[PDB]
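Data first, discussion second: the structure below is written as structure tokens.
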Amino acid sequence: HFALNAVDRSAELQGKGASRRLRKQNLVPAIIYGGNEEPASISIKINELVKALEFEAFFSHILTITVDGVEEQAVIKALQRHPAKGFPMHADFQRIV
Amino acid sequence: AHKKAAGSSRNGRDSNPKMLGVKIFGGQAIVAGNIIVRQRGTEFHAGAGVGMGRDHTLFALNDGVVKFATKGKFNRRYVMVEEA
Amino acid sequence: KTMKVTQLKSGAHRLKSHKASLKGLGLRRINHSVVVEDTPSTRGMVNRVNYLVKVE
Amino acid sequence: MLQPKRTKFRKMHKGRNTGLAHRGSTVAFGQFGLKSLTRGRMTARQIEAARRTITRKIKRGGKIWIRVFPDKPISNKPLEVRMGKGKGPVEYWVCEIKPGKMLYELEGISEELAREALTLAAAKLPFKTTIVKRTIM
Amino acid sequence: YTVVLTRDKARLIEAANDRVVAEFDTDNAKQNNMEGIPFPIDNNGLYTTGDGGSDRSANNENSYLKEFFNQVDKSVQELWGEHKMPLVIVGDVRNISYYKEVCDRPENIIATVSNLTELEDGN
RNA sequence: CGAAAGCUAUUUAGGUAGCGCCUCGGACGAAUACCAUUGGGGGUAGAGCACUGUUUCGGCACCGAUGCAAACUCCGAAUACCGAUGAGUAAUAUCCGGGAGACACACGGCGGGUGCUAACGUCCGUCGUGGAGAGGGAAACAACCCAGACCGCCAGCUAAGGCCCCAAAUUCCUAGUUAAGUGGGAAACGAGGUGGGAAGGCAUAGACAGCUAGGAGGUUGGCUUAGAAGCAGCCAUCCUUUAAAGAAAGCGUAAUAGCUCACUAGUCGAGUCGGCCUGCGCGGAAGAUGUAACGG
RNA sequence: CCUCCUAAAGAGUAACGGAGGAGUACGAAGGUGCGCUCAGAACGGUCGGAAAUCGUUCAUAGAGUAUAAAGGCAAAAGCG
RNA sequence: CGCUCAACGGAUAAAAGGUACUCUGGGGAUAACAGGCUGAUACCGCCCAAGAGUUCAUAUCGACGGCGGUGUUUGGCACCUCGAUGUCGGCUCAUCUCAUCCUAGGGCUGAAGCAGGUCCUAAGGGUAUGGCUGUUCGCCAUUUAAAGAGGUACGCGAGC
RNA sequence: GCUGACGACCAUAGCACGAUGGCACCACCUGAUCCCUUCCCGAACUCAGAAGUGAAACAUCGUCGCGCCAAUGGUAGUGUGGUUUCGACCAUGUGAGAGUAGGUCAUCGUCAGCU
């Protein structure tokens, strides 16, 4: 319930057109920032994130992002969803310590 | 004109343009007497090398290069004429 | 070094600066090909009209 | 019939309703909301009709919030009047609605009956609407 | 309701039995939020003022009267929707005729009087 | 070679004049244009509530949540504009003089005012086209798309657009969708059309549907009302026999009565139910000489 | 004729577009040197209060600027 | 120094009107008719369903609101015509549409019957005469199965 | 090490709160004869001085309570070319504001004085 799988988002999938083209692949951009090191840009599958968001305790508990290997303890801080269609569009995660 | 709606509201006046604004921009060559800024009030202040007229016109007091800078405790926009 | 630039579409009805970028590359009509030095200043002229031209 | 109190200018420029409602797109007051999916003008008569419908359906047992206020004066020329001769008089007041906007929220009442009250209210409105619940993020 | 018609104007009165309830003038609540012309309605047609793009040799006067009475009926229906009482049409026989052909809810008409005097000035 | 339908002024507004735009001659010669890098100022799009207003809710004008504004701004782009440096390309720029024409513009995009985000409307700004531009396409169609006609050719390649026949070129290939001639007019809204996708609920401790039996007792809950007996309305949703049965989801009565339902047990035997999103469809859809809303 | 907006962040830019002003004033309300700082709120105080004058404490200006508006104004351009 | 020369680049120091008695040069650069574009308004239809209907939203009607269709009223524009496109009504003669007035077939009904009310299908035929007024219309009298709504340059004056 | 003068800079430099400082310096402080002040007032300005005190002010030090600064990512907008059902979308180039993580109780220059 509190573990989600993610993939790396490199510099070529970053930007306006790249984010739009990535959301057309059923993916949600997200940034993991905080802790004591640089932020990491990841991509989370849209259906996985929607299911995770259905749980109301998902917003106030420690989450585990597994980026195909390296794993991070995080807390969701911001979630921008579509103003009208309502689907999630970008996620912020704060690395806990 | 069935609903008594359309009626007198007379305002078709406007003054002539004044052609204000920056005349010489930053980094440009300037000779003494050249007007840099035409303005209402001190939107820009005269720093070193530029004077101010009675209508707050900023003009070059000497030859050089026009420099714009924000400086002082009031964060005022200043225009200078540096001897470059 | 140089590069070959060909004109594909007509430049007759383009913006003034796009016409000027064509002429500054040396292109004069459709299917006209010129060889010009491959420097950033010429590559910006190609970029300005990239819909109009192709680079070999 | 909502209407601004004293205003600064009698008449306003037409303007352009463009973009999404990035503000006012969240159920922020109640538990339950009716959101616009399309853009348009929400006339004060439409606001009042959809408010009377909701109130009559919830029956003094819940709370309703209105997130749209008609603050844009809309002028109209009378019939048989030629073009020109100044801008017409103000006749009504609209709100500019963008896709995503909350229009009404309900709180303190059953979800089923709040759903049908908002469904009744949507029938008076010139918008394609969706019915949304209040979320955390 | 009493709808008083004239080629130049329309008046609306609310009447209880044999007394006037109200006159529907500028100072009323029922005409505050109106999408139509409030009573008393003047016939300020383009033909009445002599401009607008019409000629007297076109013989459009009857059509103009019909459309004016149609606008009058629009105001009457707007006011009646909030109260829903039967109406009596007062006026010339021809005016009553035009109004009856133009009325949007002619089933609510209960009486027509054409021998009433001083339609424009009488109280 | 090649405009203009602009600005300013005008007893001016369909006239005229200076300037702008055209041409010819002369001078000058890169001072010009494009692009790269780079020095500038801005208050626009966006955004926001710090000011001027305006707005909703809560607590108590002030605090907190929450919106909005041409004549609001704590902010703030892209472009554009003004400079510098530098390459390449280019029939540049500037000035003096001879000759003008023009000062009714139009449409299509973009940003607005006005109008009704009406108009082949009107008024500006800016780009393109026409004007003054033929050729190909859009059936036909100044202003749209492609493209700028020196002349000749019974040569070839392409652009927009097309390739079943009229009519030149695929009855071409691959995977799907539609059944409406949709394609080839029209919305709110309605529906059990159909395809796809994320999740769910129930199920051989017999799921969904049907059928069989029950669906009850305080109690006609209290109030209200002529009457309000589950079922006009207002105020609770309690208990009991229970396998189960709502102080009732409908029909019904003036009110009762009565018929169902929810729910449970039995029979049968395998998958089933309802929301969400997405593609293409259906209805909504009535006009005047003749099919007549794919040119056929 | 002036100010704002329209006016699309240089200038300019139209409509019988949306809003307001001007056809003056002043020998000091000009020059200079010198000096000063406003509006409001709260508290205390004779008449005297919501508000006069006095004292205290907060107070970049929420004032003033001869006048419309805009832009400015602490070296005040405000006040002696 | 002397201008509300304020029509403010200021025609003269010095200046109002009428014309249906009229006239010329021009303009479809610009109005009245009719066409076109548009559809605010209008008319027609549909969506929601507060309510009325003794009870009962949906037999019938439909408050507050919403969405369309038509070109059809009142308008907007100024594209065509000013080297001329004759106006309203009547007469004569029509032709088309269907949103149907009668006749035909139906569903629902607050449809017992007889009569109706609504809506669906339906355009084959048919669909008064008079009094008043220039009237179209309208009112009225008397009928009829019915006395339809419209388009056609508000059809039709080189037909009256 | 500290103090004062004049600057750079103009909130990451500010506010608030607390602590330290009197040997030099600074500040209060004493007096009002004299210079010079007050539309009245030694308050301020000014002069003549060191009895007292670091109380206030000031300077320094400490902090994150407020302020202020502030990414990354995403979003909005946008030049050019194309498409469009006019909402927008695609390619390319740019790219905010708000918000979040976070940072901040400044940093320097010239001269003089005490140590």
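Every number here is computed from the coordinates shown, using simple stated rules; none is lab data. Cβ: placed from backbone, ideal geometry, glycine included. Neighbour counts: every protein chain shown.
Around the amide H of A:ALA6, modelled in the peptide plane, lie the amide H atoms of A:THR66, A:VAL67, A:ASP68, all under 5 Å away and 5 or more residues distant in sequence or on another chain. Computed from Cα positions, the angle between helix D:111-122 and the longest principal axis of chain D comes to roughly 20 degrees.
Counting only DSSP beta bridges with both residues in chain E, the antiparallel share comes to about 55 percent. Inter-label distance, B:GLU83 to E:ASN115: 11.2 nm, where each label sits 7 Å from its Cα along the C-beta direction.
Of the residues E:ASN28, C:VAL35, C:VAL53, the one whose Cα sits farthest towards the positive end of the charge dipole of the protein assembly as shown is C:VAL35 (charges of +1 on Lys and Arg Cβ, -1 on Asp and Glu Cβ, taken about the Cα centre). The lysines within cross-link reach of B:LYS18, meaning a Cα-to-Cα straight distance under 22 Å and a gap of 8 or more places when in the same chain, come to none at all. Restricting chain B to GluC sites (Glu not before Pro) that sit in a DSSP loop and have at most 10 other Cβ atoms within 10 Å of their own Cβ leaves B:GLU83.
Considering only D:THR119, D:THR129, D:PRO78, and ranking their Cα positions along the charge dipole of the range D:35-133 that arises from unit charges at the beta-carbon of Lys, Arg, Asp and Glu, the one farthest toward the positive end is D:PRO78.
Which whole-angstrom value gives the distance between the alpha carbon centres of the range B:4-53 and the range D:55-130? Using only Cα atoms to place each centre, the spacing works out to 45 Å. Report the normalised scattering of the protein assembly as shown as log10 I(q)/I(0) at q = 0.06, 0.12, 0.13 Å⁻¹, calculated by the Debye formula with identical scatterers on the alpha carbons. Ignoring solvent entirely, the Cα scatterers give -0.64, -1.16, -1.21.
The mean sequence distance of close C-alpha pairs (under 8 Å, at least 6 residues apart), as a share of the length of chain E, puts its relative contact order at 28 percent. Counting Cβ atoms of other protein chains within 10 Å of each residue's Cβ and taking the mean over peptide B:2-13 gives 6.
Along the axis of the charge dipole computed for chain B (Cβ charges of +1 for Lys and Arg, -1 for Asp and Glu, origin at the Cα centre), the listed residues B:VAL79, B:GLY26, B:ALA6 are led at the positive end by B:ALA6.
In order along the range B:12-27, the phi-based Karplus estimate (6.51 cos²θ - 1.76 cosθ + 1.60, θ = phi - 60°) of 3J(HN,Hα) comes to x, 9, 5, 7, 6, x, 10, 6, 8, x, 6, 9, 10, 9, x, x Hz; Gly and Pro are listed as x. Going Cα to Cα from C:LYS4, which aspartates and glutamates come in below 14 Å? Please leave out same-chain ones fewer than 8 positions away. By straight Cα distance, C:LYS4 reaches C:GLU37, C:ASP38, C:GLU56. Listed by chain and number, the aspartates and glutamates placed with their C-alpha closer than 18 angstrom to that of E:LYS100 are E:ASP8, E:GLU61, E:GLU67, E:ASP73, E:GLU78, E:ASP92; residues fewer than eight positions away on the same chain are left out. Peptide D:92-104 shows a mean partner chain C-beta count of 1 within 10 Å per residue C-beta.
Computed from label points 7 Å out along Cα-Cβ, the spacing between E:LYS84 and C:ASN50 is 6.9 nm. Across chain B, Cα pairs under 8 Å and at least six residues apart give a relative contact order of 26 percent.
Mind scanning C:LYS19/C:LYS54; A:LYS85/D:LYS133; E:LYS9/E:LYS66; D:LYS5/D:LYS72; D:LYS98/D:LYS124; A:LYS51/D:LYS63 and naming the pairs with a C-alpha gap bigger than 20 Å? Table pairs above 20 Å Cα-Cα are A:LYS51/D:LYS63.
Based on DSSP H segments of at least four residues, each scored -39500 (n - 2.57), the protein assembly as shown has a per-residue ellipticity at 222 nm of -6000 deg cm²/dmol. Structure remark: mean-square fluctuation, Gaussian network model of chain D, C-alpha springs under 10 Å; the largest value among D:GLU107, D:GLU80, D:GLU116 belongs to D:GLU80. Under 5 Å from the amide H of D:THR43 lie the amide H atoms of D:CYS95, each residue being 5 or more positions distant or on a separate chain, with H modelled from the backbone and absent for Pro and chain starts. Peptide D:70-82 shows a mean partner chain C-beta count of 4 within 10 Å per residue C-beta.
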